[PDB]
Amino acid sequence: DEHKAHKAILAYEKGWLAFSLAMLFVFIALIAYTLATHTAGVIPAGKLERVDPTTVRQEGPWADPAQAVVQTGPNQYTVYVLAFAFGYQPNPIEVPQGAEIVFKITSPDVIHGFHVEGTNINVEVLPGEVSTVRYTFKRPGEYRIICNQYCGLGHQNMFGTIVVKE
């Protein structure tokens, strides 16, 4: 009775532990895969790149929004997004479809989310740091930007826009 049940459960538990361990490992392999594709561009470059939030709106690449979209290669654009209470500059961000877009996002106040609806772009913006992420737009049109990190009372209404030209 009880000796038999204990032997059988453990026997089956050992098997489940082997199965679930393999399941986890397969997931690990499947993540390793994502890491080698273009789709991994949305992981922030791991690089520290300090900036001063008190002057970032008065000198340097973020202080002229209309000149924030720069061509940096034959099929590559860098965009110096500013994320602030409570909006983004530029509004809108205009970029061509099929070009690689390197987003360099910083804040001058408090942390902000930068989440491009319909895409894997989903990065924190820290005052003092530049968050760098890459993405290629595959469909032309209007994407919206949502702030997904609580930034104060204007949070729920903090939106921006990206336009990807056909």
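We number the residues from 1 along the sequence you see.
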Of the two stretches 118-126 and 66-74, which shows the higher Cα B-factor on average in the entry? 66-74
For the C-alpha atoms alone, is the average B factor greater in 134-142 or in 25-33, going by the entry? 134-142
In terms of the chain's CA B-factor thirds, is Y150 lowest, middle or highest? lowest
Using only modelled residues of the chain, where does the Cα B factor of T106 rank: lowest third, middle third or highest third? lowest
Among the chain's modelled residues, which third holds the C-alpha B-factor of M158? lowest
When the modelled residues of the chain are sorted by Cα temperature factor, does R57 land in the lowest, middle or highest third? middle
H112's Cα B-factor: lowest, middle or highest third of the chain? lowest
